[PDB]
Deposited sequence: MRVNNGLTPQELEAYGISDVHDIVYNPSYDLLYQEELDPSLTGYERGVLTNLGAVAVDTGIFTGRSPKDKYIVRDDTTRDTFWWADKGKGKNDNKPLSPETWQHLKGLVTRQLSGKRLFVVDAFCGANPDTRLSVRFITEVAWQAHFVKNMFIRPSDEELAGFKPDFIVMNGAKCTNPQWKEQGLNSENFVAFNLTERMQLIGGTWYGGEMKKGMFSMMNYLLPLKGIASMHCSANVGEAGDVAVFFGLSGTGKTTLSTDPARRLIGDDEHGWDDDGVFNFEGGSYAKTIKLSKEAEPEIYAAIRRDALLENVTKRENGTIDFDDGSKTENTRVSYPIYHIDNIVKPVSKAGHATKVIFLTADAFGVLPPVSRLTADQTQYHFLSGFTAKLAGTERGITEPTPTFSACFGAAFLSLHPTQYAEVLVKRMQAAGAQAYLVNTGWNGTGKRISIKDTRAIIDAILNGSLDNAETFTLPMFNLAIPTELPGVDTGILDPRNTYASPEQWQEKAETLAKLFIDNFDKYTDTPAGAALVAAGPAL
């Protein structure tokens, strides 16, 4: 357990009562307390899960994200204001940090507090010990769901490596003179190893804050940090999927759905739960997510009618309705620990609306870095570095380097899979895409004969069991190769223009040669 004197070390004082690592039953009773007001209030749905609302912030607030620039971060962080920039990693002065921290610790003084100790990372030897402090029971519930829940023996020797203080009820009135974006803040200090949240009640700021911090700490120690899903077959073969469901196969157990590391022991989930989107949720399309919505899940910003019925289609407040639940609400998972061995298949999924890319290509190592940095999908083009640009704390090339290092030590092979359209303008068939994923996962493409697609220089298998050979060359749905080249030329220009912002580093400049050629 925890004494008030222990929280006084952080600057909190006048502590009324500490609820330490609350159970799900305590959380349930606390959330439905009729004395709660405002955004603290929870509503019982007739699925048995509690639902809360988060007020004006129904998604992340990147314009309020700041990281203290100090001797720890000055020369390691990927700053918004250095190089090309193009990111949300805005530098914060150390003195303004002490003001923001004071706002939060003053707000948390004089209160009954919830303290949740948890792990980020499923491998004991590389995980981060995080202490979360809140004055709102459902915020404690969110972190209990989304991070790894320690056993009592683990709590007996728990020593936080990182503190997250949720001050949603407070704001910073001095923001304009301090040069900030608003009265809200999501701020990080890697010297003090703390995250502060002021003003925003969106639960994802806690989840993606710790992801951004793992994305700093891990690659600097040679551990890959990845925004991907990952699963494992009956023989223990691990695959990681970037982009875009295809992670779901009754014969492959889920390691995790969103955030993973790759250390000397293999692929590990960062999380203890899943934070799923629920807009237009259907039991037929997402049976596992739907079945997880029961007591101990926590719904966020969904519409609930007077009788407790949820309207999952109602996006009138936000399209970003969400539910969190601990990962064991999904049956087909790796357990009792969310980790496995080394990935030997890496699958980049892209929905190419231009109909240029092959249904499947086998990438070289430099092409793996290039397409990872690109993060392309399209039905209109978007790029996102590392399939997760908003959470990168280091330069994108640092993530690609450590990913390929771990792949090379495992003999892993990467594939680029177009789940989008072909030259007819029709979607690639889901049956073909499923046959492609099976052929990848069973190792049948790793040594297959290939042919090289011009311009993108992609190795394409000459045949694939269970698919008509005709679909494998994207030129075959065009009237001529020149007609494919003309569309390819337009897409290649998009890749090259997007990639240019990474070429002020030596690594980035060296990878241009692995991208498409006009």
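*Asks:* Quick one: where does the model skip the deposited sequence?
*Replies:* The deposited sequence has unmodelled segments at 1 to 5, 250 to 255, 390 to 400.
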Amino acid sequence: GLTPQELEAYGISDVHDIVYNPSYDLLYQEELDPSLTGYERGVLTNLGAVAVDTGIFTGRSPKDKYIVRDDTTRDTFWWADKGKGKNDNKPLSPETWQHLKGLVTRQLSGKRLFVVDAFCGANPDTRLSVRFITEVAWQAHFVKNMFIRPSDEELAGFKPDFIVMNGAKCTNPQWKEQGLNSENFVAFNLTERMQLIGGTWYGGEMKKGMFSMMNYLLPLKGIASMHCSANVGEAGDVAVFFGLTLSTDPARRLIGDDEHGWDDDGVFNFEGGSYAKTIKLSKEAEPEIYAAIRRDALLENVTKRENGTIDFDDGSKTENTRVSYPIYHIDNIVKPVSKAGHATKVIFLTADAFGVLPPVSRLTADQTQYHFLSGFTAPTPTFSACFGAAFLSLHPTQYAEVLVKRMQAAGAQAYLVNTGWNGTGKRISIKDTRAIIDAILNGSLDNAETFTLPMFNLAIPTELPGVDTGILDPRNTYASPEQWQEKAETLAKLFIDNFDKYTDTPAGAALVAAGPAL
From here on, numbers count along this sequence of modelled residues.
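*Asks:* With reference to the PDB entry, specify whether the mean Cα temperature factor is higher for 459 to 467 or for 482 to 490.
*Replies:* Mean B over CA atoms: larger for 459 to 467.
*Asks:* Quick check on the record: does 322 to 330 or 229 to 237 carry the larger mean Cα temperature factor?
*Replies:* Higher of the two, by average CA B-factor, is 229 to 237.
*Asks:* Looking at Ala507, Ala9, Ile496, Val15, which has the highest CA B-factor as recorded?
*Replies:* In the PDB entry, the greatest C-alpha B-factor among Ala507, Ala9, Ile496, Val15 is found at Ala507.
*Asks:* For the C-alpha B-factor as written in the entry, point me to the maximum among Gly38, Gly42, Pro62, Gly59.
*Replies:* Top of the list by C-alpha B-factor: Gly38.
*Asks:* Place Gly388 in the lowest, middle or highest third of its chain's C-alpha B-factors, as listed in the PDB entry.
*Replies:* According to the entry, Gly388 has a C-alpha B-factor in the chain's highest third.
*Asks:* Please say which third, lowest, middle or highest, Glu284 falls into when its CA temperature factor is compared across its chain.
*Replies:* For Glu284, the deposited C-alpha B-factor lands in the highest third.
*Asks:* Which third of the chain holds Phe354 when residues are ordered by C-alpha B factor: lowest, middle or highest?
*Replies:* Highest third - that is where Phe354 ends up once the chain's C-alpha B-factors are sorted.
*Asks:* Thinking about Cα B factors across the chain, which third does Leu26 belong to?
*Replies:* Lowest third.
*Asks:* By the recorded C-alpha temperature factor, relative to the other modelled residues in its chain, which third is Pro150 in?
*Replies:* As the PDB entry reports it, the C-alpha B-factor of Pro150 lands in the lowest third of its chain.
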